[PDB]
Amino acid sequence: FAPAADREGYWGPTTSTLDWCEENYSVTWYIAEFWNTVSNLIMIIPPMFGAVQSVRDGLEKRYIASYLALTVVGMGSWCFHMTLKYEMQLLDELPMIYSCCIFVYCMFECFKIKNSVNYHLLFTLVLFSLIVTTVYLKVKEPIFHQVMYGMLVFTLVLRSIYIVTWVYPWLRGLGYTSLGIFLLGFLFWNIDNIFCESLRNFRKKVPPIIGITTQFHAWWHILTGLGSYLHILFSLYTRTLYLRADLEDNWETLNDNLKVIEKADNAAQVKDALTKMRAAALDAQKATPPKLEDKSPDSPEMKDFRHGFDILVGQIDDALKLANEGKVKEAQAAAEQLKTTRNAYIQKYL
């Protein structure tokens, strides 16, 4: 037909190489494509809460950068979908390549020694994103960006498939949920693109989700923001399982800290050794000592090993109580008590 377009354009002309099938400045004069802008919050707020928990918990820098990169992508999308200029378009698109390169560094370095750097992979990813950036700006074709972004997502999918198959079967539910909702999101990306018809919104009830649920590029921000959040969880869990201590480690820590308390000269050592000992005690209590590796977790010898740990833990908790009450000399005196309870109930099984 020959009628008035539904794009009620405002606040400057669209200087971007692409415009989505959401009516320009249709809800408000402030932003072009409203749901494509407000639907980016679950990619700005959740990854910002992850980056701050990751710093508080003292995690490896690369997992903090991963969460921050996803927030940078979120803000760039919110800005591209608000203005629709080329400057804010690249702030959505280019970070996607870089954040995906951070993800490939983490996924491929997950079984490496702590405090090591792979300068080979690092300069390779830096070169790939520099080459991709240079050609992307020169020849301004957005399908080149989409194929380059999509090839990093591809290697990241194969590396995550190797891990869930050969190394950590447990992460299957998370790894495949991350992938399922990302490919559902990518189906919705192609629906808003190919099925370009503002019929359902124009027909009935636009204010409730009757009209709003047919914004399939808004759904893509939800699903890919949620799928990219789940991929960082997956990545960080692969590193947590790898770096995790076993019975031999927890038995050593528990006893090292028992000697720190005995020989301690100040309140801060005593409280730290009691806290570290309590964590190692709860962890050791779950394991089966090597003398009992042939028995059931419910055997009388196993229930007794666990019983001694229960007694030991309550005692560590009593000594921590003394520490927090300022009874330093007394909390320190628990070391002899704690040695006696590992001798009487635990050490026979080790």
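Start at 1 with the first residue shown and count on from there.
Engineer: Quick check: 109 to 117 versus 135 to 143, which has the larger average CA B-factor in the record?
Structural biologist: On average, C-alpha B-factors are higher across 135 to 143.
Engineer: Between 171 to 179 and 198 to 206, point out the one with the higher average CA B-factor as the PDB entry records it.
Structural biologist: Comparing averages over the C-alpha atoms only gives 198 to 206.
Engineer: Among 265, 252, 246, 87, which residue carries the highest C-alpha B-factor recorded in the PDB entry?
Structural biologist: Checking the PDB record, the top C-alpha B-factor among 265, 252, 246, 87 is at 87.
Engineer: Maximum C-alpha temperature factor per the entry, among 28, 66, 288, 315, belongs to which one?
Structural biologist: So the option with the highest C-alpha B-factor is 28.
Engineer: Just say lowest, middle or highest third for the CA B-factor of residue 73 relative to the other modelled residues in its chain.
Structural biologist: For residue 73, the deposited C-alpha B-factor lands in the middle third.
Engineer: Using the B-factors in the PDB entry, rank residue 154's C-alpha atom against the chain and give the third, lowest, middle or highest.
Structural biologist: It falls in the middle third of the chain.
Engineer: Can you work out whether the C-alpha temperature factor of residue 122 puts it in the lowest, middle or highest third of the chain?
Structural biologist: It belongs to the middle third of the chain when residues are ordered by C-alpha B-factor.
Engineer: Name the third of the chain's ranked CA B-factors that contains residue 33, choosing lowest, middle or highest.
Structural biologist: Tercile = highest for this residue's CA B-factor.
Engineer: In terms of the CA temperature factor given in the entry, to which third of its chain does residue 99 belong: lowest, middle or highest?
Structural biologist: Tercile = middle for this residue's CA B-factor.
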